[PDB]
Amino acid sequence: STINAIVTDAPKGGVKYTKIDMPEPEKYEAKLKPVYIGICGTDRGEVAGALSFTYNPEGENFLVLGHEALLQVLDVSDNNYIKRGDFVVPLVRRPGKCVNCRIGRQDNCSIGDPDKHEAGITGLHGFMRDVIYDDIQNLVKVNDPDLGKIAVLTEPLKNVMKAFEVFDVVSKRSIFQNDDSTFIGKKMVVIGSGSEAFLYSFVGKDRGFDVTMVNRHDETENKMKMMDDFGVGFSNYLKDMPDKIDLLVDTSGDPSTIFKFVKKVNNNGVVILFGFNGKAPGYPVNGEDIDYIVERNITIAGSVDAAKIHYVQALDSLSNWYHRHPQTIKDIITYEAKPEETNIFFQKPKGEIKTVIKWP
């Protein structure tokens, strides 16, 4: 078929909503179309030419962008789990052959590129196109019919879930809990006030932390209310610096900010590094900074992507939260765009949290 798609020339950049030749494989398990597609900094970086690791699939001269997808099943081979008209979230990362990839933890690929591949990013077409072919195993079923568009948030939230898995694994190094066995009063601070930070914060809340998002500027009454609704605090760190931190999560990617907060981490504290900012400036880490980490048995863990199981978990949390605080969750999606509006990739709609593309 000829079909519509939003494409880049990876890694060169640019973006055009335009038509393309894309033939059916004789061999397919499932055929789908896109309902919603979220966009994040990674897409904007792709478009902007800022990411040297991205590439078009083999023997092609464009890449269909889009990896934060909510899709609907048009057609599907015989199976016990999905049927026509079922909504699904498609896996971003797909496995290679490495000891991790082969048990479905391509999120911890031991090789990196080119063992694993990511839809819309590294050698595999994304989801901003009229038709999509895939294998059933790569699709996670949306089981709550009430969520609708909220399900598009699955992809950003699964990364949060894997990060908390990493938290759970490394915090086993000691007794992290209070001596009553609980997390009551343990302090989570999240660097940043964006999409990922919100999702960190809500999960933090469900695990029983006291949570505080932080930024180098005040926030909008909109965001403030959303946080208030979840029982999440906020602080401008130029005005009030949190200390005595048990769980530090960075979404900024900024070193100066990371290390100033690390020097507030308690004994047996855990630092999750999540944010990318290759442009971020150097911050000098000195011997006293190293000593601070050592003497406190602090763990700094970098986390990227997630496994299928974490997509399932993300859907379950999106449901729980939608049924308890619908206005807040709905407010996460702050603009819906038509596929023509390709200027979303260079410019942020006003007061953005999560921008998405409604397809028809």
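Start at 1 and count along the sequence shown; that's the residue number.
Taking only CA atoms, the mean B-factor in the PDB entry is higher for 327-335 than for the other of 312-320 and 327-335. For the pair 51-59 and 289-297, the mean B factor over Cα atoms is greater in 51-59. Of the candidates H125, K186, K223, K116, the deposited coordinates give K223 the top C-alpha B factor. Which of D206, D107, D75, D210 has the largest Cα B-factor in the deposited entry comes down to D75. Annotation for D179: C-alpha temperature factor in the lowest third relative to the rest of the modelled chain, per the entry. Looking at the C-alpha B-factors along this chain, the one for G269 belongs to the lowest third. For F202, the recorded CA B-factor ranks within the lowest third of the chain. Only modelled residues enter the ranking. In the deposited entry, the Cα temperature factor of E26 sits in the top third of values across the chain's modelled residues. Sorting the modelled residues of the chain by their CA temperature factor places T251 in the middle third.
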